[PDB]
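# Sequence, then the experimental structure. Questions to follow.
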Amino acid sequence: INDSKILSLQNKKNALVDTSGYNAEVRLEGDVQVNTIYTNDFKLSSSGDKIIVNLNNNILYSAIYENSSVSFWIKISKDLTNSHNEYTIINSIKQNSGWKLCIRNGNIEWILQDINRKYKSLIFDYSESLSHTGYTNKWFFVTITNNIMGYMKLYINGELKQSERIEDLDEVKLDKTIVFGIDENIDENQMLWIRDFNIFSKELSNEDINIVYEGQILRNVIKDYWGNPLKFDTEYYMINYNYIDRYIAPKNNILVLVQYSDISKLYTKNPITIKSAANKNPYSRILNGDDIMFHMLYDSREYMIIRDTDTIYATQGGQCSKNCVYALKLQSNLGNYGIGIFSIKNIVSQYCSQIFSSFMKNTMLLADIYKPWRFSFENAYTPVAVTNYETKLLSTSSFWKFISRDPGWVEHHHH
């Protein structure tokens, strides 16, 4: 695939440069922050922040005029996503013609415009009304393919979403200059990030688009809710996929999931931090298969989360051997205690992770409505460790996410 790359913006020796071999000029204006979350990323957060790319014009005398692909990841803040306005983000229109990428009312839009100012567009609603099921402030992978013989096509995370006919446009005059940046007035919380920006001189196959996607998602790296690398020490609101409006609370010596008082907020209560059981550095990336512990600062004391030794059902008398369900508890004695060591893994194939323990029996963490106190028949939404979990490996009840306080999603805690 890389053989057809005619532009590849990557961070080399602490600079954003073109590594394609064609040595495009890459000039940064304003105060563009680079390599803040991912190596090849850059942030557009102010009206003056611009990256100006000038390609060697001779590149345009090639298959690029007949077929091309553009790929990159993008992450758009909540406040920018919420705006009804239109913002040009990547501009390669000169003299009435070329292409551009815009954001408008929670959509991304790719525009191709001919020499008569007639244009065609691909539009994707990434916001879904700021739904937590949507992509607001989440990294997603974009790929546009263009073929003058037919269509331009928009792929999101490797999947075709939209197509538009372009064979009926008149001449398109491409320009050698690409300008990244927002010219409109934007508020302090309005910002976006792009990473791994590439242009190819061919129309990539579906298979090849997915190879680029899987390469660049970094399957080794567990992700937070937004698609950023998960890190040791960082505070996260840990949630089960099924219960995004609940927080983890100790109640009568176990942990349960309690609904936060403001149902519309992601940043709730009692964030956890993740610690390495293998002595990795503070704030280092958490990798697929890493052995970890969970800490929680609660009422001014630091605790570690442990699995209960006995199941939630008193009649099992500590002798359960199949379909065993264990509550989670807080322990004030901190250390590499086996009962509190877990393994974290990305979900085979399918920004969620699964969490396992191999202390005494193999278990997997899930959340469901149980009666988690041995002395009681009271029901609670409960995070539990269960054995014999083969049939639950595709259940969303086994999927966990970690919400960091991210600058692209701002909230203020009520009193």
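Here it is on my side, so go on. Numbering: from 1, shown residues only.

# so where do the strands sit in the stretch 1-150 of the chain?
5-12, 15-18, 25-29, 33-34, 41-44, 50-54, 67-76, 86-94, 97-104, 107-113, 119-125, 140-147 (DSSP state E, counting those that start in this stretch).

# mind listing what residue 290 touches?
222, 276, 277, 278, 280, 343, 344 (CB atoms under 8 Å, 6 or more residues apart in numbering). (Each C-beta comes from the backbone N, C-alpha and C, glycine too.)

# hmm, back to that, and of the strands of the stretch 1-150 of the chain, who's closest to residue 362?
Residue 362 lies closest to strand 140-147 among these, at 33.6 Å (CB to CB).

# What are the contacting residues of that closest one?
By CB under 8 Å, 6+ apart, the surrounding residues in contact with strand 140-147 are 66-75, 108, 110, 112, 122, 126, 152-158, 166, 203-204, 209, 212-213, 216-217, 227.

# just the buried members of the residues you listed?
67-75, 108, 110, 112, 122, 126, 152-158, 166, 203-204, 209, 212-213, 216-217, 227 (16 or more other CB atoms under 10 Å).

# Name the nearest residue to residue 395, ignoring sequence neighbours.
Spatial nearest neighbour of residue 395, excluding adjacent residues (CB to CB, 6 or more residues apart in numbering): residue 366 at 6.9 Å.

# Would you map out the domains in the chain?
Domains of the chain are assigned by curated CATH domains as 1-224, 225-415.

# tilt between the longest helix along the chain and strand 67-76?
Ranked by residue count under DSSP state H, the longest helix found in the chain is helix 206-216. Put simply, helix 206-216 runs at 40 degrees to strand 67-76, going by axes from the mean of the first three to the mean of the last three CA atoms, to 10 degrees.

# what angle sits between helix 206-216 and strand 5-12?
Using the same axes, to 10 degrees, helix 206-216 lies at 10 degrees relative to strand 5-12.

# same for helix 206-216, what does it pack against?
Identification of packing neighbours for helix 206-216 by 3 or more CB pairs under 8 Å, 6 or more residues apart in numbering; DSSP states H and E yields strand 67-76, strand 140-147, strand 192-200.

# swap the cut-off to 7 Å and go again
Other elements packing on helix 206-216 under the criterion 3 or more CB pairs under 7 Å, 6 or more residues apart in numbering; DSSP states H and E are strand 140-147.

# The strand it packs on pairs with which strands?
Strand 140-147 has its sheet partners listed here by DSSP bridges as strand 67-76 (antiparallel), strand 151-156 (antiparallel).

# After the shortest one, which helix or strand is next?
Looking back up the chat, that one is strand 151-156. Downstream of strand 151-156, the next assigned helix or strand under DSSP states H and E is strand 159-165.

# Send me stretch 16-36 as CSV with only the CA atoms.
The C-alpha coordinates for stretch 16-36 follow below in CSV (Å, rounded to 0.1, in the frame of the first residue of the first chain):
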residue,chain,number,x,y,z
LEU,A,16,5.9,17.1,11.3
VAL,A,17,7.2,16.3,7.8
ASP,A,18,6.4,14.5,4.6
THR,A,19,7.9,11.0,4.7
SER,A,20,6.5,9.8,1.4
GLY,A,21,9.7,10.2,-0.4
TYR,A,22,8.4,13.2,-2.4
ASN,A,23,9.6,15.7,0.2
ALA,A,24,6.6,18.1,0.2
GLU,A,25,7.1,21.4,2.0
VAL,A,26,5.3,21.4,5.3
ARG,A,27,5.2,24.8,7.0
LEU,A,28,3.5,25.4,10.3
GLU,A,29,1.9,28.8,11.1
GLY,A,30,0.6,29.9,14.4
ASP,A,31,0.9,27.6,17.4
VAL,A,32,0.0,24.2,16.1
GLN,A,33,0.5,21.5,18.8
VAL,A,34,1.9,18.3,17.4
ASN,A,35,2.4,14.8,18.8
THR,A,36,0.2,15.3,21.9
